[PDB]
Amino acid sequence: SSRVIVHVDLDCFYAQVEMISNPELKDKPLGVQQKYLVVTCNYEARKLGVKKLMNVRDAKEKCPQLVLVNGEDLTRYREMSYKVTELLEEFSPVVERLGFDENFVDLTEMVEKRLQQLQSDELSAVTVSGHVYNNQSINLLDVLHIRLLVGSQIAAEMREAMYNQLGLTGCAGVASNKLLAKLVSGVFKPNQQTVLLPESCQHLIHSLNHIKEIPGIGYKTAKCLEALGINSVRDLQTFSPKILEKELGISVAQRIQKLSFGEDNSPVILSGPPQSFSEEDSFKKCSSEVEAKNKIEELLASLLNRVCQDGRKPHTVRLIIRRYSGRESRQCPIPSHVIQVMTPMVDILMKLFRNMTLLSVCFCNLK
């Protein structure tokens, strides 16, 4: 019943990918740029005051020597992301992706199999790889402690393999569920790992300062929670369930209140191949024409190449737009005539366009 979960989180992912391909960006403060936004930066630039999602203005003031490369084309980040998930899938096949740079793996089976190869005495010699959260003391007679320490050893092998085979560093957290694995992986955050023993779980959740730091509690849920006076993890833990249901719904209230205790029974899901392919472009009110069709060709061309490479065939297309002041969209199936190309696809999309600062196209429903 008890699970050993690992969460793997790569260091400054986009920046790290760039530093690998142009080694002259090591040691130099590096920011990866997307339009007006420095979406991430390496640790050189972080020391200098640069931070993630910071206007390229504010950033090059804090670090005028900041080197900036353009990371709008996600292609290379996307491709490394899958090399990581595939490498982890070798350890155990059930790997759950979260964004491009995070993976969950359920090591429970792996941990148990390794423990069965051990023998009475060497059980006394199981050691931890990496940090133990809250410098908590290990009890080798606690079977849960032994399993999490074995988890931590698998985690160090994963991280070692990632570096040996892909040149990537990252952090890992080992805990009894996904929430806790993900919260603990970030405790020692540059290329290190941390294991959470059960006795320190409450210390972990109460170390957070705003309830939005809980994965699953986001921008809107946080704002609602404040409006009820809920600001700390303990506030949410102790707040009326009944009121929380009425004011948020029985699904949301129940789960986030569970999360507030560090409880999370969600299984690690095999993400497998993606469920969708999309390309976006944004622009400061730079489209007011039905000659926004030029923008939709490039988005298609990239998607069309990405589809051909995946091999599967999509059966639904969607067009998303953002009107200047909250997005609108229209989708429809992809004629079977097509599924087996530029010209017909553009016609569908422009009809979809006409039925309606950003344009996006998405292929989903892949077979």
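Between two forms, the rigid core is defined as the largest C-alpha subset superposing within 1.5 Å. Residue positions are given as counts along the sequence shown, with the first one as 1.
Root-mean-square C-alpha deviation from the shown form, taken over all structures in 8 other deposited structures of this protein superposed by the rigid core, is larger for 240 to 248 than for the alternative among 240 to 248 and 120 to 128. After superposing on the rigid core, the larger RMS C-alpha deviation in 8 other deposited structures of this protein belongs to 286 to 294, the other candidate being whichever of 286 to 294 and 180 to 188 remains.
In this entry, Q340 is separated from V341 by 4 to 9 residues of the deposited sequence that have no coordinates. A chain break between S325 and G326 is present, corresponding to 4 to 9 residues of the deposited sequence without coordinates. Legend: mean Cα B-factor per stretch from the PDB entry, 357 to 365 versus 4 to 12; the higher mean is in 357 to 365. Remark: stretch with higher mean C-alpha B factor among 116 to 124 and 137 to 145 is 116 to 124. Comparing the listed residues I269, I217, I243, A175, the entry records the largest Cα B-factor for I243.
Considering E247, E79, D101, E89 together, the PDB entry gives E247 the largest C-alpha B factor. Annotation for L74: C-alpha temperature factor in the lowest third relative to the rest of the modelled chain, per the entry.
The entry lists a Cα temperature factor for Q202 that places it in the lowest third of the chain's modelled residues.
Ranked against the other modelled residues of its chain, the C-alpha B-factor of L208 as given in the entry falls in the middle third. Among the modelled residues of the chain, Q192 sits in the lowest third by CA temperature factor in this PDB entry.
In the PDB entry, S260 places in the middle third of its chain by CA B-factor.
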